[PDB]
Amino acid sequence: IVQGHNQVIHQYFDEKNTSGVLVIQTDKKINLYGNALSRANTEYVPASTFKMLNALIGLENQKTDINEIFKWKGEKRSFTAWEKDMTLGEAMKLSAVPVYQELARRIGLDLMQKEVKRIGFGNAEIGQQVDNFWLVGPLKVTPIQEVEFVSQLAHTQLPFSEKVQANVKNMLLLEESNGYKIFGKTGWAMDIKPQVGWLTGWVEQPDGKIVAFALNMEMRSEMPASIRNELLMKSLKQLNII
């Protein structure tokens, strides 16, 4: 059943010379696909995917709001795409680190550690460095843990206000094709051991049904960033999720 599906998806991953897993959660049922299934319960830095929880915490605790404009004071950033004023929602789409760092600072280390622990995100360790704990360690999370987190978000089942959850969900819309809405958040940790690529989110099918996913793969600098999107869409289509 899944073995035919997984044979095809295994091949997708082989064809593009990487080791990756794709975790799918429909409701409470979790299946693994890809050519590196052991990745599914291996911890990795969440990188840019932590922005989902960052936003939830920041909004919940009233440190910002969806309308606030975070102004670019003019300093050069790691990507030219980030060099403009933006809202929290626009920063999510662009993975604009400086905006989310300013947010994390507003929250403070101790509120951050408290919230991360209350929610139970990954190993729930943030250490003492308020602006890179989700990039270089100690914070670590499995792909299975990521899919459960985003599934809960999609079902408005996380322990945050309903409206905060709706607001963060609205920041996460990637793609809308043939009535299927694709929500998600990419992440690419470029400066660590083996580079880590993420793409974590869910599909809202036309009848309202939600199928959540977490792609996690080894990245190499020669890859286009869109290889994560490619492997996701090809797999979802092959699974008839889209």
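All residue numbers refer to positions in the sequence shown, first residue = 1. Just so we're on the same page, rigid core means the largest C-alpha set that superposes within 1.5 Å between forms.
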Response to the item:
Higher Cα RMS in 5 other deposited structures of this protein relative to the shown form (core alignment), 210 to 218 or 24 to 32, goes to 24 to 32
Response to the item:
Between 101 to 109 and 85 to 93, the one drifting more in C-alpha RMS in 5 other deposited structures of this protein once the core is aligned is 85 to 93
Worksheet item: When the C-alpha temperature factors are averaged for each of 176 to 184 and 203 to 211, which stretch ends up with the higher value in the entry?
Response: 176 to 184
Worksheet, complete the sentence: Avg C-alpha B-factor, entry values, 19 to 27 vs 230 to 238, higher side is 19 to 27
Worksheet item: Based on the PDB record, which member of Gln165, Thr87, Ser95, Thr80 exhibits the highest Cα temperature factor?
Response: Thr80
Response to the item:
In this crystal structure's PDB entry, the residue among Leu139, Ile144, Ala104, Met171 with the greatest CA B factor is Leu139
Fill in: Chain-wide C-alpha B factor ranking for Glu222, given as lowest, middle or highest third
highest
Discussion item. Split into thirds by Cα B-factor across the chain's modelled residues, where does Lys193 land: lowest, middle or highest?
Written reply: highest
Fill in: Within-chain third of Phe149 by Cα B-factor, per the entry
lowest
Worksheet entry | Chain thirds of CA B-factor: placement of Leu158 | middle
Worksheet item: Taking the C-alpha B-factors as the PDB entry records them, is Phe121 in the lowest, middle or highest third of its chain?
Response: middle
